[PDB]
Amino acid sequence: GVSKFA
Amino acid sequence: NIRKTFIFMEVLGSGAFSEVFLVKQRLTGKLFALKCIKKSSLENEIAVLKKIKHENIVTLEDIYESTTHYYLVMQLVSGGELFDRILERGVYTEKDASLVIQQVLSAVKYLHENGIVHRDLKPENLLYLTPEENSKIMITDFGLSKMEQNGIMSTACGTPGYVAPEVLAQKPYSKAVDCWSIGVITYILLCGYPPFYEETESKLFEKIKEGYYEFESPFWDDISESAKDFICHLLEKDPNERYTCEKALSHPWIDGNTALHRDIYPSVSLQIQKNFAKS
Ligand SMILES: CCN(CC)CCNC(=O)c1c(C)[nH]c(/C=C2\C(=O)Nc3ccc(Cl)cc32)c1C
Ligand SMILES: [Ca+2]
């Protein structure tokens, strides 16, 4: 369950 | 969504609270080293990781974050381990070693000047970027999330530093400790064994404390005085007197022309075969 940086 | 993005192929390394997987990016098919770190100092280091660029340090390609983990999508290095590649050469010189150490010094200096300590610098950490003969050497696992199992809670709860109070004189990681490690790796690169290899664990402790290193015959007979001088400045017992990476990079053996071009492969390769556990 992830947020991708940038 | 980490499994939606990547196919996990194998475990490349594991530590107390971090591990590295070989993964295939599903969209592109490209391969990467995915460093998975179990959750300010780490987040600050990542901020720095994002900004820094050095030809001898694995590139940070992307970061994914969950409530429990960071997933650092890193450059995969597929050229093999430092000492394996030396065995495969067939010819080897002091200048070959010096060129590797110059790269390592440059990489670690850049880490140091950006507030990162490498930690626990081992021969296995130094990997060639490609199979090509002229390949750069790469630092791979480093920093706060270095995979090591330190103290008695490392495996159990993923927490380093549970070591009895009388044991450690100081916190075990520092810029000067990294420099000492580079000294040890240099020593083995020129002879195929670590300093005081044949001493007992107990005597080794005393010898390291004393700091009078030896360059035994016949192994060191054809090695330059410059190489030995350089090594002694990094193995120096007093961390305030020890060369920094900056000072080491300016030594004639690295920066000048004192490194010899004599073939030392015959002796060094025999010693690697005799002394490396995995040979
Ligand atoms: C040593 C255990 N085992 C042998 C039996 C695996 C041998 N190691 C590898 O094949 C290896 C490879 C091909 N790549 C790596 C490590 C990489 C790597 O390639 N990129 C990278 C970025 C960050 C971190 Cl922490 C670690 C790495 C490793 C450890
Ligand atoms: Ca020469």
# chains A, B, ... in the order shown; residues from 1 in each chain; ligands from 1
>>> residues_near_ligand(ligand="ligand 1", cutoff="6 Å", atoms="only C-alpha atoms and all ligand atoms", output="PDB file with C-alpha atoms, in the first residue's frame")
ATOM      1  CA  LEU B  12      20.269 -10.390  -2.554  1.00  0.00           C
ATOM      2  CA  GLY B  13      20.928  -9.534   1.126  1.00  0.00           C
ATOM      3  CA  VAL B  20      17.516  -6.124  -0.648  1.00  0.00           C
ATOM      4  CA  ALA B  33      17.870  -3.797  -6.444  1.00  0.00           C
ATOM      5  CA  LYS B  35      16.070  -2.040  -0.633  1.00  0.00           C
ATOM      6  CA  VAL B  58      24.510   3.093  -6.722  1.00  0.00           C
ATOM      7  CA  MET B  74      18.287   1.138  -6.536  1.00  0.00           C
ATOM      8  CA  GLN B  75      20.619   0.531  -9.414  1.00  0.00           C
ATOM      9  CA  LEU B  76      21.498  -3.183  -9.741  1.00  0.00           C
ATOM     10  CA  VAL B  77      25.227  -3.872  -9.981  1.00  0.00           C
ATOM     11  CA  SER B  78      25.992  -7.086 -11.895  1.00  0.00           C
ATOM     12  CA  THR B 140      26.152  -0.495  -2.675  1.00  0.00           C
ATOM     13  CA  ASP B 141      24.881  -0.995   0.922  1.00  0.00           C
TER      14      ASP B 141
END
>>> residues_around(residues="residue 6 of chain A", least_positions_apart="2", cutoff="12 Å", atoms="only C-alpha atoms", output="VMD selection string")
(chain A and resid 3 to 4) or (chain B and resid 47 50 61 to 65)
>>> write_last_selection(atoms="N, CA, C and O atoms", output="tab-separated table (two decimals), in the first residue's frame")
chain	number	residue	atom	x	y	z
A	3	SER	N	2.77	5.02	-1.54
A	3	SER	CA	2.88	6.30	-2.20
A	3	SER	C	4.25	6.36	-2.90
A	3	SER	O	5.27	6.06	-2.30
A	4	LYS	N	4.23	6.77	-4.17
A	4	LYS	CA	5.42	6.93	-4.99
A	4	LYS	C	5.92	8.35	-4.78
A	4	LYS	O	5.15	9.30	-4.94
B	47	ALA	N	16.42	12.15	1.84
B	47	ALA	CA	16.42	13.46	1.17
B	47	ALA	C	17.79	13.75	0.51
B	47	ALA	O	17.86	14.22	-0.63
B	50	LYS	N	18.47	11.36	-2.50
B	50	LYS	CA	17.76	11.83	-3.68
B	50	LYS	C	18.57	12.83	-4.48
B	50	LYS	O	18.44	12.89	-5.69
B	61	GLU	N	16.79	5.30	-7.87
B	61	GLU	CA	15.95	5.49	-9.05
B	61	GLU	C	14.54	6.00	-8.66
B	61	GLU	O	13.99	6.86	-9.35
B	62	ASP	N	14.00	5.52	-7.55
B	62	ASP	CA	12.65	5.88	-7.09
B	62	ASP	C	12.50	5.47	-5.64
B	62	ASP	O	13.26	4.62	-5.15
B	63	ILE	N	11.50	6.04	-4.98
B	63	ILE	CA	11.16	5.65	-3.63
B	63	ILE	C	9.65	5.45	-3.56
B	63	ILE	O	8.89	6.27	-4.06
B	64	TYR	N	9.26	4.32	-2.98
B	64	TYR	CA	7.87	4.06	-2.61
B	64	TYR	C	7.84	3.96	-1.08
B	64	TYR	O	8.80	3.50	-0.44
B	65	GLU	N	6.73	4.39	-0.50
B	65	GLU	CA	6.58	4.41	0.94
B	65	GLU	C	5.20	3.91	1.35
B	65	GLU	O	4.20	4.32	0.77
>>> residues_near_ligand(ligand="ligand 2", cutoff="6 Å", atoms="only C-alpha atoms and all ligand atoms", output="JSON list (two decimals) with N, CA and C atoms, in the first residue's frame")
[["chain", "number", "residue", "atom", "x", "y", "z"],
["B", 260, "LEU", "N", 53.19, 0.81, -8.32],
["B", 260, "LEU", "CA", 53.92, -0.02, -9.26],
["B", 260, "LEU", "C", 53.02, -0.76, -10.26],
["B", 261, "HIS", "N", 53.67, -1.21, -11.34],
["B", 261, "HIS", "CA", 53.01, -1.88, -12.46],
["B", 261, "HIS", "C", 53.51, -3.32, -12.62],
["B", 262, "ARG", "N", 54.23, -3.80, -11.60],
["B", 262, "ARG", "CA", 54.71, -5.19, -11.49],
["B", 262, "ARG", "C", 53.53, -6.16, -11.32]]
>>> closest_residue(among="B:83, B:142, B:71, B:213", to="chain A", atoms="only C-alpha atoms")
B:71
>>> select_by_dssp(residues="segment 82-236 of chain B", states="alpha helix (DSSP H)", output="number ranges by chain")
B: 82-89, 94-113, 154-157, 175-191, 201-210, 225-235
>>> residues_around(residues="residue 185 of chain B", least_positions_apart="4", cutoff="10 Å", atoms="only C-alpha atoms", output="PyMOL selection string")
chain B and resi 97+101+121-123+180-181+189-190+192-195+231
>>> write_last_selection(atoms="C-alpha atoms", output="JSON list (two decimals), in the first residue's frame")
[["chain", "number", "residue", "atom", "x", "y", "z"],
["B", 97, "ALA", "CA", 44.52, -1.76, -6.62],
["B", 101, "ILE", "CA", 40.91, 2.48, -3.77],
["B", 121, "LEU", "CA", 32.65, -1.45, 5.03],
["B", 122, "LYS", "CA", 33.35, -5.02, 3.88],
["B", 123, "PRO", "CA", 34.91, -6.45, 0.68],
["B", 180, "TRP", "CA", 40.33, 2.47, 8.80],
["B", 181, "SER", "CA", 38.23, -0.09, 6.94],
["B", 189, "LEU", "CA", 44.13, -6.03, -2.12],
["B", 190, "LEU", "CA", 47.99, -6.05, -2.16],
["B", 192, "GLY", "CA", 45.46, -11.61, -0.35],
["B", 193, "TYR", "CA", 45.21, -11.75, 3.46],
["B", 194, "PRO", "CA", 44.11, -9.28, 6.20],
["B", 195, "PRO", "CA", 46.70, -7.83, 8.61],
["B", 231, "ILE", "CA", 48.18, 1.83, 4.27]]
>>> atom_distance(atom1="atom CA of residue 174 of chain B", atom2="atom CA of residue 238 of chain B")
13.2 Å
>>> residues_around(residues="residue 112 of chain B", least_positions_apart="3", cutoff="10 Å", atoms="only C-alpha atoms", output="ChimeraX atom specification")
/B:106-109,115-118,174-176,178,244-246
>>> closest_residue(among="B:169, B:164, B:16, B:73", to="chain A", atoms="only C-alpha atoms")
B:73
>>> select_by_dssp(residues="segment 45-212 of chain B", states="strand (DSSP E)", output="ChimeraX atom specification")
/B:60-65,69-74,127-128,137-138
